[PDB]
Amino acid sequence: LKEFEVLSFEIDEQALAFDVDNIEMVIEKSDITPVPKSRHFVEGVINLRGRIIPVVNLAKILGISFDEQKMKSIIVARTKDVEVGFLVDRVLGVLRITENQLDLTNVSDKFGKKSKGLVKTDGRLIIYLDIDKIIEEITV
């Protein structure tokens, strides 16, 4: 096996998580500057610690449903050089896991390689996301 640490959050009735090594920080959705004529799923840019970070709507990227009133958190993650803020409903906490409580049942094909598998915790499912593959998808 191996010990895994992930961050679990909720996008309305559905719980997800990605690998904690990629997170910089989780801030509160405060103020976002629109960037006209950009993709439908980008919300805009924010100023964070004096740098520009794009904020995207994770729900719109995955294709699951969301309620705008509830998008209250921003998970700021990075892979290599690229840094991105993912807008989610609420953070739930950190989970310590092992690739053997990692159920790989093929429930759907919607999330492509964005999905890494299910994690069963007390019989309560959480989708494990490949954060890199989400960022890779979202760039060029």
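All residue numbers refer to positions in the sequence shown, first residue = 1.
**Student:** Comparing average C-alpha B factors as deposited, tell me which of 121-129 and 20-28 sits higher.
**Tutor:** Higher mean C-alpha B-factor: 121-129.
**Student:** Would you mind comparing 30-38 and 87-95 for me and telling me which has the higher average C-alpha temperature factor in the entry?
**Tutor:** Comparing 30-38 with 87-95, the higher average CA B-factor belongs to 87-95.
**Student:** Between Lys72, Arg78, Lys60, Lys114, which one tops the list for Cα B-factor in this entry?
**Tutor:** The record points to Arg78.
**Student:** Could you tell me which third, lowest, middle or highest, the C-alpha B-factor of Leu102 occupies within its chain?
**Tutor:** According to the entry, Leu102 has a C-alpha B-factor in the chain's highest third.
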